Amino acid sequence: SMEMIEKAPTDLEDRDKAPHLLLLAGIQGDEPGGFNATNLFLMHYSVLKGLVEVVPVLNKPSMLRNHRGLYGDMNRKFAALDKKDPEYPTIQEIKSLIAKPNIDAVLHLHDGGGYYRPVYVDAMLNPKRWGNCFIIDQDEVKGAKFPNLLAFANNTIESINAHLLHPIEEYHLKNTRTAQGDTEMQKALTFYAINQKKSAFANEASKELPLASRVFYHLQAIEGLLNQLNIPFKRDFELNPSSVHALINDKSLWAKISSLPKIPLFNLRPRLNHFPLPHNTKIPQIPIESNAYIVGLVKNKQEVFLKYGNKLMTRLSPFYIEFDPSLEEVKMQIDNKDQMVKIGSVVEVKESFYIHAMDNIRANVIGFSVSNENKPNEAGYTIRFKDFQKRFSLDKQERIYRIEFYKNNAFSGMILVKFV
Ligand SMILES: CC(=O)N[C@H](CCP(=O)(O)C[C@H](CCC[C@@H](N)C(=O)O)C(=O)O)C(=O)O
Ligand SMILES: [Zn+2]
Ligand SMILES: [Zn+2]
Ligand SMILES: [Zn+2]
């Protein structure tokens, strides 16, 4: 499931006042520098004139399984391609985006092994390697709005190289001269883009780097190219590895699975047991939202993994059940104050809470018990933090607990309490 997300000026009229960039990553699922950068770009930047269209992850199924490409290398499917290829439709969607008349330039992000050098030094540093280089298929594209690929590349490279963390990380130009014999790159995305008279570029971050460093360089390259294109932008943070790491590991990130409440991405217990998921729904079809763009669910044996890029945030041991949407809100007392709490809410609790009984609805407070029934009703109990078995918390910090409602063998929804 790849989506395109626009990063545009607040005022629609400003869209045509500067060029348009198509920014792409995650065509290969084990290159997280690229799709973490597109993610952070979407979450923390603003484009003030022109437009940046972003496909944050082109190959999401492969991303979810930390795999270069489940159905082959998707970046070899832009030339000859059989209609029966499972990715044939995705490729047409990608081509269609690339070929839009509003698009001027294309930037395609990758992580690559070793460090590219224009002459052979050793097994890690040589022309066959891909890390930390800026790539063009040829030095010019006649017919393009911006035909001088070489000049844009050199200047972007100079911009990146002003901010090296270590000298081995210096960027070099890699012109693959694709039309002159590079049969593999002849099948790849940027060459397809060149043939639509777009100014196309790929940026590589070395797989030898830590993710934060890869994303740092990818963002340098994005900013460098936006500067060349004169697409003005802002970000709400300072571009250094420390800030990038902090934003990747942002504790305000959340995931909302189906109609369940938002759960934090970070500091979940490694496994969440008896986790209710909708009856007879394919995992890729379970709605999932997040304030990040690279979150998803994927089946693994009898578990369902919650993924944030290539990162495994938790293992769900599901409980497949009918999601009855009839129950919209529940009467709860929170710290002595009676109130209606919408199903799928997170409520903060300082001292105590109490669930009011409902006629045909039972409530299970996960981590609280009075008897030992396999289908209990724990409405009518005044509950404090000291009443919880802490190991049933969603989080390592032992502060967030599930309340699960049932209307006779159907799941009526869930509310989380967070003790603050
Ligand atoms: C097997 C293994 O891991 N190979 C990898 C290969 C690393 P890459 O996938 O980033 C290298 C190139 C980039 C194409 C650039 C340009 N023509 C474009 O279309 O964007 C590719 O897509 O094939 C590695 O060495 O790390
Ligand atoms: Zn921000
Ligand atoms: Zn790649
Ligand atoms: Zn030339």
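Numbered according to the authors' numbering, the sequence shown spans residues 19 to 438. From the three backbone atoms N, C-alpha and C, an ideal C-beta is built for every residue, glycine too.
Nearest residue (CA-CA) to residue i, options the options
i: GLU369; options: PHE406, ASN378 and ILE361; result: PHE406
i: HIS236; options: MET22, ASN426 and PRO74; result: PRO74
i: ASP122; options: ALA197, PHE219, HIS128 and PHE59; result: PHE219
i: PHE255; options: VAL348, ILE45, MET61 and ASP29; result: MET61
i: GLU396; options: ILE373, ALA141, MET81 and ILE312; result: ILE373
i: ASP32; options: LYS67, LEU41, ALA141 and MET22; result: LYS67
i: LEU286; options: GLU202, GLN357 and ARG420; result: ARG420
i: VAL364; options: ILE240, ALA273, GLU226 and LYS205; result: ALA273
i: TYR424; options: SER387, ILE418 and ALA381; result: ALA381
i: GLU176; options: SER260, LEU99, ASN245 and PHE341; result: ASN245
i: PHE59; options: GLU24, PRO279 and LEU330; result: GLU24
i: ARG402; options: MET376, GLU202 and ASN354; result: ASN354
i: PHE164; options: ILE212, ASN426 and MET350; result: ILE212
i: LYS349; options: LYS329, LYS300 and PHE371; result: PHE371
i: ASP356; options: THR400, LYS118, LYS408 and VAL438; result: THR400
i: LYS329; options: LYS317, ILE352, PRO305 and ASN267; result: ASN267
i: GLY327; options: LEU315, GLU321 and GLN320; result: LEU315
i: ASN426; options: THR196, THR108, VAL159 and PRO394; result: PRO394
i: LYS408; options: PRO107, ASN390 and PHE437; result: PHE437
i: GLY44; options: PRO79, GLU347, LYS35 and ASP29; result: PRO79
i: residue 1; options: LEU247, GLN214 and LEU182; result: What is shown of the chain runs 19 to 438, which leaves residue 1 out entirely.
i: residue 451; options: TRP148, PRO288, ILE361 and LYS160; result: A question about residue 451 goes unanswered here, because the residues of the chain that appear run from 19 up to 438.
Backbone secondary structure at residue i - three-state DSSP
i: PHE251; result: strand
i: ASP155; result: coil
i: residue 486; result: Here the chain comprises residues numbered 19 to 438, so residue 486 is not present and cannot be evaluated.
i: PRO259; result: helix
i: residue 12; result: The chain is shown from 19 up to 438; residue 12 falls before or after that span and cannot be answered.
i: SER64; result: strand
i: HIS236; result: helix
i: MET432; result: strand
i: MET203; result: helix
i: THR332; result: strand
i: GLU369; result: coil
i: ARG380; result: strand
i: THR400; result: strand
i: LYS215; result: coil
i: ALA180; result: coil
i: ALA310; result: coil
i: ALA162; result: coil
i: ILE421; result: strand
i: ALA230; result: helix
Residue i vs residue j beta-carbon contact at 7 Å
i: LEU334; j: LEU290; result: yes
i: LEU295; j: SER430; result: no
i: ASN120; j: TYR133; result: no
i: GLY47; j: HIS85; result: yes
i: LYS216; j: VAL367; result: no
i: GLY242; j: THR174; result: yes
i: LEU42; j: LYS325; result: no
i: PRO336; j: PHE293; result: yes
i: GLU222; j: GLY130; result: yes
i: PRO259; j: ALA230; result: yes
i: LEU434; j: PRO282; result: no
i: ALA55; j: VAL313; result: no
i: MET432; j: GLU416; result: no
i: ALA171; j: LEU191; result: yes
i: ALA310; j: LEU271; result: yes
i: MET20; j: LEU99; result: no
i: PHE410; j: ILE379; result: no
i: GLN198; j: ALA97; result: no
i: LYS269; j: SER64; result: no
i: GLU111; j: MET92; result: no
i: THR201; j: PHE209; result: no
i: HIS297; j: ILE352; result: no
Whole-number beta carbon distance between residue j and residue i, since they are thought to touch under 8 Å
i: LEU168; j: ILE154; result: 7 Å
i: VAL70; j: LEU39; result: 5 Å
i: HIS126; j: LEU207; result: 6 Å
i: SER276; j: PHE341; result: 7 Å
i: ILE249; j: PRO37; result: 6 Å
i: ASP103; j: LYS95; result: 7 Å
Worksheet item: Whose CB is closer than 7 Å to a heavy atom of ligand 3? List the residues in chain order.
Response: Any heavy atom of ligand 3 within less than 7 Å of a residue's beta carbon puts that residue on the list, which reads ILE45, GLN46, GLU49, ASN93, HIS128, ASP129 and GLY130.
Worksheet item: Listed by chain order, which residues have C-beta atoms less than 5 Å from any heavy atom of ligand 2?
Response: Chain order is used for the residues whose beta-carbon lies nearer than 5 Å to a heavy atom of ligand 2, namely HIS62 and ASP254.
Worksheet item: ligand 4: which residues have Cβ under 6 Å from any of its heavy atoms, chain order?
Response: Checking every Cβ against the heavy atoms of ligand 4 under 6 Å gives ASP157 and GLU158.
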